[PDB]
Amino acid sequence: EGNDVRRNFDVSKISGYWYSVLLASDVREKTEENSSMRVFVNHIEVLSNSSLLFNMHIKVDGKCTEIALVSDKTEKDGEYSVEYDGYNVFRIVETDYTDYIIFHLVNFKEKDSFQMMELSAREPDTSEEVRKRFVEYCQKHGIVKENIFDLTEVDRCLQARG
């Protein structure tokens, strides 16, 4: 429905202030409180070369910490690469630049692999159908509904923003 694009992107119109609605993975533990992969998007900015800078927050013993990651563009179009708790390869799944965005990420830790998907939005929360549309996408990626954690119903470091 609406005006969602999943093919060729206009990265220029995706640079701005995003939130973090839902975060899901293949493992139950990597979506938990102290799990490194529980980060909260604040801002994204287009670089000189089209690489992406992510201003975001993580809870270090209950205290919100500022983190910045530059994800370098790779061979395949629409996908970026960044190293954090191992090697990460992620790609923009689909987005309605004015409402939501879906991200898929594989973290190539040495000898083990985990995939993760995040739903971010221009506003702290987005539509129940968009909430559903994410579950349909991460269902195809084999991530079961049981392991789709909600960020809307927890402290997402809102304050420190920024």
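When you see a residue number, it is the position in the sequence shown, counting from 1.
Comparing 94-102 with 109-117, the higher mean C-alpha B-factor in the PDB entry belongs to 109-117. Taking the mean C-alpha B-factor of each stretch as recorded, 144-152 and 13-21 are not equal, and the higher mean is that of 144-152. Looking at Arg133, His43, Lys30, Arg122, the one whose CA carries the top B-factor in the deposited record is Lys30. Sorting the modelled residues of the chain by their CA temperature factor places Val39 in the lowest third. In the deposited entry, the Cα temperature factor of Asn49 sits in the top third of values across the chain's modelled residues.
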